[PDB]
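A.B. asks: Before I ask anything, let me first share the structure, which is written out below as structure tokens.
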Protein chains: 2
Amino acid sequence: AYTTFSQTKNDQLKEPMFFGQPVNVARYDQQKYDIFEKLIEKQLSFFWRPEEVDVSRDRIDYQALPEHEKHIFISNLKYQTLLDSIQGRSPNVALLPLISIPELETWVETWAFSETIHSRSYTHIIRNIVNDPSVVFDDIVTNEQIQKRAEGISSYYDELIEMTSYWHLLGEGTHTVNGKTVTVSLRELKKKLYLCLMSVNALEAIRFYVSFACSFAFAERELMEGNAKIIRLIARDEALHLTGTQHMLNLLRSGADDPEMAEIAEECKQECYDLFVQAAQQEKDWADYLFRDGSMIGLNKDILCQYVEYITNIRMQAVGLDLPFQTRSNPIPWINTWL
Amino acid sequence: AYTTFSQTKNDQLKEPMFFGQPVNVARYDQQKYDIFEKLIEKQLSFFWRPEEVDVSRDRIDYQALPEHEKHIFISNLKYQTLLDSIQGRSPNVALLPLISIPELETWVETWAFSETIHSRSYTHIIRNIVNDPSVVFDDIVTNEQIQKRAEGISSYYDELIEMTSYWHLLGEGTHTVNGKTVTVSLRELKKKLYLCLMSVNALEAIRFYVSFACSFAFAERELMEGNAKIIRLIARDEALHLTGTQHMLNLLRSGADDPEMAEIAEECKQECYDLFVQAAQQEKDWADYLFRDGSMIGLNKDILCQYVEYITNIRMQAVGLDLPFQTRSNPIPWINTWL
Ligand SMILES: [Fe+3]
Ligand SMILES: [Fe+3]
Ligand SMILES: [Fe+3]
Ligand SMILES: [Fe+3]
């Protein structure tokens, strides 16, 4: 069913965002949703290379950090690398096969490209602060606390792609596979898409900004400044990324794109809320691991958990969800200088 | 079977290029094949925006062209747009799911990103030379001569992806689907990959350079100079693209990556040769359409067909194939100024 160039001459302005006729001609003179066009332009205007940031000073800082402050910084840096390793590949393998409008197709691909620059910047930092980078990269796969968030986040992607395959190959209806019962449903497939986008919105808008705060806390003490300068560029990119998933969710929810999405977006509003909750608690439990051996000036388990609730409320309000925590003010306002 | 983050701690240096364990951690301190790393760096170093090229002068040239010279330029520009519309999305949807080494995964994604810039540049040109861009973009889908090359090139992609889905969901062996006989084979799946890469190598290394010559022929007469300046940047990118598919083919063929690929690369050497032949003839027949209503100073059906054979020999020699045409010198040496 899927084609890398659909031969039908369709009006791309009336196609839905997802599950419509796959995009054939890539044109940029017209947009159904002009937000994705200007996200492309903003992201292109922000193009930066990791190597233009001097991280050479961060080796001295890192060796001077006490062992627990090393553990805080390295554990936070490894989580960032795991996160954008998944964000490097997943938007292309998962969203691209489903897009039916050209402006969104290009943004998803530009979005994923920006994540490879983020991934390369993490290598740049690691190479310049530790003696053996292999130890860092290998722990990312074999860290018990890291594998928890890793397999949960990827499942929203994998379940979408595996069901994408059943749909492109069979279509709707109940099918038989070696005697097994396979019932492919379009509503169930787009149910897995909406949830996936909700998960990715929490990843970029909530989980990553927890790490930014941890990275800038070192910057506030005038430590790991090369690292912080890079995170400043990552953060400015992340703002575009969460904005994109925000409009995608709101447009599908409003029924203007797909009216069938409106009913599905309400039917799964509970599990969307519950997803953001589990993500927030997972980040709280992560702070217990970060400060397992102690804390540092400007950041501890308590202060960070307040920033989790603070940012979680904001992001959930922008996607039309109810707030799960007390409406409180910013516990670390110094972070706004870096954003 | 596919996962956006494989949880096994594997030595990414010993993984094959394709069909191995999917990449988990994205690291850039080490490379199995360092060619893909330096292709990433070169492509990043070439980053350019379509809008920094002044095409405003090309509207006057285009309106001054006689009707057949309009037809030559517009037909060539539409083919370029069709070509890079497919190259915008296909490398991500088709190759990325199969890559098992991080340096190749990122290059495929950077490669596809550069193609979106190419696609955006074609819109930039079209917007500035014609009154109604819709007529141009709509003909790309509904052009009898364009649909010929369109459905042929995409088939190498689509057949690979559709079989990718059967393999990730079932694995090797014979399966039953609603009573139908489905026999998934790993050798057959990687047979469709090698051929696909051969097709994409001809696309970028042979078909596109036929269009470059047509575009620079206007530049030689001092016409459509904004257009030509952009094609200069496209061409410099295309050289990296064909180089990447060249190493991918040679490495698989040599058996150093996958020894099983070596035997398959020889077993399908005939259909690889035949594929490059059909592509060359398709480009020749295209020149009959380009110069259907007449020719122009510096380029006609005869001269272009000589450049087809000339470039086809070179590209086939670099992928270890036999030469199908007479070994002759460059018929349009002025093109080297633009490359
Ligand atoms: Fe990122
Ligand atoms: Fe991001
Ligand atoms: Fe291109
Ligand atoms: Fe290319």
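Convention: chains lettered A, B, ... in structure tokens order; per-chain residue numbering from 1; ligands numbered from 1 as shown.
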Can you check which residues of chain A have any atom within 8 Å of chain B? Use only C-alpha atoms and format it as a ChimeraX atom specification.

C.D. replies: /A:2-5,7-9,24-29,81-82,85-86,89-90,92-93,96-97,105-106,109-110,112-113,116,119-120,123,127,133,137-138,140-142,147,150-151,154,157-158,162,165-166,169,175-179

A.B. asks: Do you know which residues are within 6 Å of ligand 4 using only C-alpha atoms and all ligand atoms? Can you write them as a list in words?

C.D. replies: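 Written in the requested form, the residues are residues 115, 204, 238 and 241 of chain B.
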
A.B. asks: Could you write out that same residue set with N, CA and C atoms as a CSV table (one decimal), in the first residue's frame?

C.D. replies:
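Wrote out-v7.csv, looks like this:
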```
chain,number,residue,atom,x,y,z
B,115,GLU,N,18.8,16.3,0.7
B,115,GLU,CA,17.8,16.2,-0.4
B,115,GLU,C,16.6,17.1,-0.2
B,204,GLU,N,21.6,9.0,-8.8
B,204,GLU,CA,22.4,10.2,-8.4
B,204,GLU,C,23.6,10.4,-9.3
B,238,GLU,N,25.6,16.2,-4.7
B,238,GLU,CA,25.4,14.9,-5.3
B,238,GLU,C,26.6,14.1,-5.4
B,241,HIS,N,26.8,12.1,-2.4
B,241,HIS,CA,25.7,11.1,-2.3
B,241,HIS,C,26.1,9.9,-3.1
```

A.B. asks: Would you mind telling me which residue in A:43, A:183, A:21, A:327 lies nearest to residue 310 in chain A when using only C-alpha atoms?

C.D. replies: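 Result for the nearest residue to residue 310 in chain A: A:327.
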
A.B. asks: Env of range 224-228 of chain B: 7 Å cut, atoms = only C-alpha atoms, seq-sep filter 3 positions within chain, self excluded. Answer as a list in words.

C.D. replies: residues 53, 54, 55, 57, 58, 61, 125, 215, 216, 218, 219, 231 and 232 of chain B

A.B. asks: Grab the CA of residue 302 in chain B to CA of residue 201 in chain B distance for me, in Å with one decimal place.

C.D. replies: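 Atom-to-atom, CA of residue 302 in chain B and CA of residue 201 in chain B are spaced 24.4 Å apart.
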
A.B. asks: In Å, with one decimal, what is the gap from CA of residue 290 in chain A to CA of residue 243 in chain A?

C.D. replies: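 These two atoms are separated by 28.2 Å.
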
A.B. asks: Determine, counting only C-alpha atoms, which protein, DNA and RNA residues have an atom within 12 Å of an atom of residue 247 in chain B; residues of the same chain fewer than 3 positions away are not included. Present the result as an mmCIF file with C-alpha atoms, in the first residue's frame.

C.D. replies:
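After the write, part25.cif holds the following:
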```
data_model
loop_
_atom_site.group_PDB
_atom_site.id
_atom_site.type_symbol
_atom_site.label_atom_id
_atom_site.label_comp_id
_atom_site.auth_asym_id
_atom_site.auth_seq_id
_atom_site.Cartn_x
_atom_site.Cartn_y
_atom_site.Cartn_z
ATOM 1 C CA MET B 17 26.362 -2.399 7.654
ATOM 2 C CA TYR B 33 34.004 2.458 8.107
ATOM 3 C CA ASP B 34 35.378 5.963 8.613
ATOM 4 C CA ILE B 35 34.201 7.001 5.122
ATOM 5 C CA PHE B 36 30.662 7.613 6.368
ATOM 6 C CA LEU B 39 30.847 12.174 4.407
ATOM 7 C CA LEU B 104 26.068 4.792 8.429
ATOM 8 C CA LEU B 197 21.509 0.688 -3.936
ATOM 9 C CA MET B 198 22.567 0.024 -7.530
ATOM 10 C CA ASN B 201 23.664 4.946 -7.547
ATOM 11 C CA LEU B 240 29.007 13.006 -1.844
ATOM 12 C CA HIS B 241 25.740 11.117 -2.322
ATOM 13 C CA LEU B 242 26.993 8.907 -5.141
ATOM 14 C CA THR B 243 30.271 8.390 -3.266
ATOM 15 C CA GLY B 244 28.318 7.022 -0.312
ATOM 16 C CA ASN B 250 31.874 -1.978 -3.066
ATOM 17 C CA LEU B 251 32.059 -2.970 0.606
ATOM 18 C CA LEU B 252 29.134 -5.392 0.313
ATOM 19 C CA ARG B 253 30.516 -6.759 -2.963
ATOM 20 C CA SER B 254 33.990 -7.343 -1.507
ATOM 21 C CA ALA B 256 34.488 -7.759 3.913
ATOM 22 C CA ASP B 257 31.268 -6.476 5.482
ATOM 23 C CA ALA B 318 33.573 2.640 -10.098
ATOM 24 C CA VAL B 319 31.092 -0.041 -8.969
ATOM 25 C CA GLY B 320 33.070 -2.849 -10.622
#
```

A.B. asks: Return the single residue from B:70, B:207, B:59, B:192 that is closest to ligand 3, with distances computed using only C-alpha atoms and all ligand atoms.

C.D. replies: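 Among the listed residues, the smallest separation from ligand 3 belongs to B:207.
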
A.B. asks: Can you tell me which residues surround residue 19 in chain A at a distance of at most 7 Å, considering only C-alpha atoms, apart from same-chain residues fewer than 4 positions away, and format the answer as a list in words?

C.D. replies: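 Once the adjacent positions are removed, what remains is residues 98, 99 and 100 of chain A.
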
A.B. asks: Kindly indicate which residue among A:323, A:196, A:303, A:235 lies nearest to ligand 2, using only C-alpha atoms and all ligand atoms for the distances.

C.D. replies: A:235

A.B. asks: I need the residues in range 66-241 of chain B that are strand (DSSP E) according to DSSP; give them as a VMD selection string.

C.D. replies: chain B and resid 173 to 177 180 to 184

A.B. asks: Residues of the last selection are to be written out with C-alpha atoms, as a compact mmCIF listing (two decimals), in the first residue's frame.

C.D. replies:
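Result file follows (selection-v3.txt):
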```
# COMPACT_ATOMS: atom_id res chain seq x y z
CA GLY B 173 10.81 -19.39 6.60
CA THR B 174 7.53 -20.01 4.83
CA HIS B 175 4.42 -18.47 6.39
CA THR B 176 0.67 -18.55 5.77
CA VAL B 177 -1.28 -15.31 5.34
CA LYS B 180 -1.57 -17.34 0.82
CA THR B 181 1.98 -18.68 0.59
CA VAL B 182 4.57 -16.22 1.93
CA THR B 183 8.21 -17.36 1.97
CA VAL B 184 10.46 -14.77 3.63
```

A.B. asks: Work out how far apart CA of residue 249 in chain B and CA of residue 118 in chain B are and give it in Å to one decimal.

C.D. replies: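 Result for CA of residue 249 in chain B versus CA of residue 118 in chain B: 24.1 Å, one decimal.
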
A.B. asks: Choose the residue, out of A:143, A:245, A:295, A:330, that has the smallest atom-to-atom separation from ligand 2; count only C-alpha atoms and all ligand atoms.

C.D. replies: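 Of A:143, A:245, A:295, A:330, the one nearest ligand 2 is A:245, counting only C-alpha atoms and all ligand atoms.
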